[PDB]
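Novice: Sharing a structure, written as structure tokens. Questions coming.
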Amino acid sequence: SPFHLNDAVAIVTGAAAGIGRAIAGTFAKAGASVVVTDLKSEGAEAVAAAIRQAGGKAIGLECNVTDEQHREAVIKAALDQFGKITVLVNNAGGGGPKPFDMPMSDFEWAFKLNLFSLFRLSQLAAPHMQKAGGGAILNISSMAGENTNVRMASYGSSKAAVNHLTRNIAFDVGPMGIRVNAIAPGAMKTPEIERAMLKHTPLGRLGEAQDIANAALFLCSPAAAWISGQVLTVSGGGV
Amino acid sequence: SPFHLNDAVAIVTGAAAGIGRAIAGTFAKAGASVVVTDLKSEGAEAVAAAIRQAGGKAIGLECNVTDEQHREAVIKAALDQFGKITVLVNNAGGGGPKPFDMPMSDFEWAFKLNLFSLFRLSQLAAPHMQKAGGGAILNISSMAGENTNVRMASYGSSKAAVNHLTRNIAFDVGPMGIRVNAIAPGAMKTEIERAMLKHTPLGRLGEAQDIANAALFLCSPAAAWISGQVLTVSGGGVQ
Amino acid sequence: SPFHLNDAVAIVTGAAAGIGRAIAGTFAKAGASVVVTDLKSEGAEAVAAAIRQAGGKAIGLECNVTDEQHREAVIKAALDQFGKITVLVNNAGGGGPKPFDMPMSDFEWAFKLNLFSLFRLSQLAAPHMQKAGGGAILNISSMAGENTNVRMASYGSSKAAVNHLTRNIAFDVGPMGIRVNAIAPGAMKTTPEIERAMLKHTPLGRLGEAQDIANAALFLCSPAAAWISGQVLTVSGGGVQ
Amino acid sequence: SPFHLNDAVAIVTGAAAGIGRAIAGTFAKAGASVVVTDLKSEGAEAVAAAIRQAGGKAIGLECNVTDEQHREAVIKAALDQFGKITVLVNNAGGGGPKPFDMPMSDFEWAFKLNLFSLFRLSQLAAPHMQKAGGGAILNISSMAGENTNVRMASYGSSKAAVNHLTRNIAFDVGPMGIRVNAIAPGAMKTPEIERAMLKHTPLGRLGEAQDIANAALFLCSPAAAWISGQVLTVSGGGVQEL
């Protein structure tokens, strides 16, 4: 099975809770040395210490992905601690339903958060994945980059931009041996309203962050060695 | 024939040359009063004067769509000259192939020009279209919003963002009686041409009047129940 | 102003009611000579007579699109009265929610009715459009060729096949001067809190009239769409129903 | 780890050589009892006994998926041999460029081979996956179900129909605990025109059948337990033209 991450160094952003924490833990179990980062230093340090206790190699840092100070800090810290960069999980991001008439300061924020930060991070990491022989980029998107709904003028445009950025920079950094893929998570179990939302999920249950973690582990692994420019929706079969 | 634009006021950005100029002319022939705008005052004024000579109502303005001063100026000038806003054709834009290692500022410029400008323009124009009993917005995207290619890190992401912005803000301004659609133009007329036509099954390149008539359909009462759609005018292939 | 239908002969299949009748009538107003066909001859004859009453050129025929005898009859038919074929609207189709364990003959039926019929009709009509100088093929698909939902194992597959067949045979009959486009209609109008519930997902706050699909088709089969081919236009008011 | 298939029974169709052969050999390493089937008994028997020699559980039967004779035969043979059905890999397909003016006996072929077959197969397998507590159906499709090209009147329509049939019957058999996914492979390794097709493949190399085999293993494993109605393109990041 080429589903292990041995000799891998994986930078996981927004990885103190939820999908990022699960991705970091599962990647570490797979043999990858994990640079856990978050907007909060305390959560990232906690997750990294938990990983080290489990028997893995990890460090914990504070990173605001929108701050190039912090981005170069994370890149340099990964290089100092582990010597190379081979996996970049851009899970950091946010945004939500904003009105059509929103202040433009919110529209620009949605793209500086969900898109600009991760593109700059991929720019920063791609050269180090090149003398490393190749790497894997994984941007964690959302199901709003494909679906059309109200109040999604900022979030949805940003997530679809993430998707097509994946599909396109698959072509630029391919020669570097780098694979760009994305994961679109659905409803994650971090109640008649819950069952009403399950009525459109054919598998009859909500997803666990382990689902996203395993999809990511596949996409970042040598098993996905000839997979690039792909958005994989983990939704149980619906919206 | 509900393919006329009588009692219509159409703002057309980047309309001194090419697709925008042909859209302005075709919309004026359809009976619409056209606020031609451009980054260069002289071209917009020339196109507007030619339209007025041909027998239509038009004005010409300088507008950097990235400048909110210019945007409010165009909105107020349209409301002064013609009393209402019913059609907004965001043809203004640009960018192109930039390297993956491009300076970020390039990546922010691609979106401020190709996305943020037209979203702020739609924001400014939506209340007046609602007041005027509804209207139509048409974003002039590019085929890079769908295709995947090299050097398209910023252009492709911005264009797919325009596509999904169209699809989604069709839902917000729908209740206002506003339809949002987008045109993706192929290769435009203005042995690699033979590769172009190896791809284009119709064996010829497209004239700006093709995009003009597609826009005229999408901004006319004949498309009164069409919104959230991206029409690709490529002759049936990719160039 | 290329939205006029002069010197055109359109074959509109399933043109007795709804989208088909609206398409036949609006094409005839545009100046096209309309071969109205339907599964029944009385409905097609009623629509054709009504178009001739409006002041258009129209004939009415019985056609089961799955019967090649009927297909050849319709081609020869229009061909004998008008002399040419320049437009082909494949609106004739059917099917709906069938279970996953459906009898496989039902599954073959979905494709024979919604796909094999219109592909054979396009095959027959391409030489004459070619011969004419140019032509237009418009396949009336469904929003189920794109959307994913229960009980659509046969209908959704067939309509997605229609969509991609459009996109690809746009490459084949391109050199003939023929354009292949598709229309995906939304919810059509023909104290309804379920109707308002389905309107909650339609941003324009109303249901679409058959005239909307009629005008969209008219555009796509018009000289104004002269450089448009291989495209599926969804007329849904901006949502899903 | 959930990248296994212990306590699994797999019906792979089209596995004398290529993607199906790799899928049968790789699913068996995951511990799955594999029912290797194909058009010729010789190749399916050969592959099946090779999975046996390595240490897996397998058999090799004749199956022409357009023949309901063989269709029920493989269902009842997998139950005879292993007792349950939990995984169904529909790789058996084929076809290619045909003229626009083709007969109905080429178009109908393409659809009875690429689509009707795997649908009847999924129909047959679904009640046993329901009986066995859920399972995975995996249709092998094509990049022509997304991309447009000349002569693709029958191949492209059929594979796009496969894509959408996946996306839709994900809703039908979901309640049964079944996940339906699809793989779209690129150019498979089995030259300078090769470098010309590689100029559109960013990873600068062609794909091996093990790539599709491992994407399939992921898509039919417990690690993809909440993934359904998806089409995964294994293409190296681009399209390859032959």
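Here Cβ is always computed from backbone atoms with ideal geometry, including for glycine, and neighbour counts include all displayed protein chains. Just so it is clear, none of the values below were taken in a lab; they were calculated from the coordinates.
Novice: Counting only residues that are in a loop (DSSP other than H, G, I, E, B) and buried (at least 24 other Cβ atoms within 10 Å of the Cβ), which one in segment D:204-228 is farthest from the chain's Cα centre (by Cα)?
Specialist: Of the residues in segment D:204-228, the ones in a loop (DSSP other than H, G, I, E, B) are D:204-206, D:208, D:220-221, D:225-228.
Going one step further and asking which of them are buried (at least 24 other Cβ atoms within 10 Å of the Cβ), we end up with D:220-221, D:226-228.
Working: D:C220: 11, D:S221: 15, D:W226: 19, D:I227: 17, D:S228: 15 Å.
Looking at the filtered set, the residue picked out is D:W226.
Novice: Sort out for me the helices (runs of 4 or more DSSP H) sitting completely within segment C:1-92 that have 3 or more residues that are surrounded by fewer than 24 Cβ atoms within 10 Å (Cβ to Cβ) and in contact with a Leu (Cβ under 9 Å, 6 or more places away or on another chain). Talk me through it step by step, then tell me what you get.
Specialist: Working: elements: C:18-29, C:41-54, C:68-82.
The helices (runs of 4 or more DSSP H) meeting that bar are C:68-82.
Novice: Keeping to segment D:125-178, report how many residues are touching a strand residue (DSSP E or B) at 6+ places or on another chain (Cβ under 9 Å) and farther than 26 Å from D:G96 by Cβ. Let's see the steps before the verdict.
Specialist: Going residue by residue through segment D:125-178, those that are touching a strand residue (DSSP E or B) at 6+ places or on another chain (Cβ under 9 Å) are D:125-126, D:128-130, D:132, D:134-146, D:159, D:162-174, D:176-178.
Still in the list and also farther than 26 Å from D:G96 by Cβ: D:125-126, D:128-130, D:132, D:134-136, D:170-174, D:176-178.
Here the count works out to 17.
Novice: Residue under question is D:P185, and the condition is that it be more than 8 Å from every other protein chain (Cβ to nearest Cβ) and either touching a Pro at 6+ places or on another chain (Cβ under 6 Å) or of a type in the set (G, A, S) (or both); does it hold? Full working, then the answer.
Specialist: Details: more than 8 Å from every other protein chain (Cβ to nearest Cβ): yes; either touching a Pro at 6+ places or on another chain (Cβ under 6 Å) or of a type in the set (G, A, S) (or both): no.
No, not satisfied.
Novice: While we're on this one: I need every pair where a residue in segment B:34-46 that is farther than 20 Å from B:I137 by Cβ has its Cβ under 6 Å from the Cβ of a residue that is of a type outside the set (A, V, I, L, M, F, W, C) and surrounded by fewer than 20 Cβ atoms within 10 Å (Cβ to Cβ), sequence separation at least 6 or different chains.
Specialist: Short answer, once both residue conditions are applied: B:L39/B:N64; B:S41/B:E62.
Novice: What about A:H164, is it assigned to a helix (DSSP H, G or I) and in contact with a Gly (Cβ under 6 Å, 6 or more places away or on another chain)? Spell out how you get there, then give the answer.
Specialist: On the way: assigned to a helix (DSSP H, G or I): yes; in contact with a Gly (Cβ under 6 Å, 6 or more places away or on another chain): yes.
The answer is yes for A:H164.
Novice: Just the residues that are out of contact with any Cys (no Cβ under 6 Å at 6 or more places or on another chain) and surrounded by 19 or more Cβ atoms within 10 Å (Cβ to Cβ), please, taken from segment C:133-146. Walk me through it before giving the result.
Specialist: As a first pass, look at segment C:133-146 and keep what is out of contact with any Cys (no Cβ under 6 Å at 6 or more places or on another chain): C:133-135, C:137, C:139-146.
Listed by number, the residues that qualify are C:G135, C:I137, C:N139, C:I140, C:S141, C:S142, C:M143, C:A144, C:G145.
Novice: If you scan segment A:141-164, which residues turn out to be of a type in the set (A, V, I, L, M), facing chain B (nearest Cβ under 7 Å) and closer than 19 Å to A:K112 by Cβ? So that I can check it myself, show each step before the final result.
Specialist: From segment A:141-164, those of a type in the set (A, V, I, L, M) are A:143-144, A:150, A:152-153, A:160-162; that's our starting set.
Now restrict to residues that are facing chain B (nearest Cβ under 7 Å): A:150, A:152-153, A:160-161.
Result: A:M152, A:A153, A:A160, A:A161.
Novice: Would you pick out the residues in segment C:207-230 that are within 8 Å of another protein chain (Cβ to nearest Cβ) and more than 13 Å from B:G235 (Cα to Cα)?
Specialist: Within segment C:207-230, C:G208, C:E209, C:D212, C:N215, C:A216, C:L218, C:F219 meet the criteria.
Novice: Which of the residues spanning segment C:93-135 are within 11 Å of chain D (Cβ to nearest Cβ) and assigned to a loop (DSSP other than H, G, I, E, B)?
Specialist: C:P97, C:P99, C:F100, C:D101, C:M102, C:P103
Novice: Sticking with this structure for a sec: Among the numbered conditions (1) in a helix (DSSP H, G or I); (2) of a type outside the set (A, V, I, L, M, F, W, C); (3) under 19 Å from B:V12 (Cβ atoms), tell me where B:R179 comes up short.
Specialist: Failing condition for B:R179: (1).
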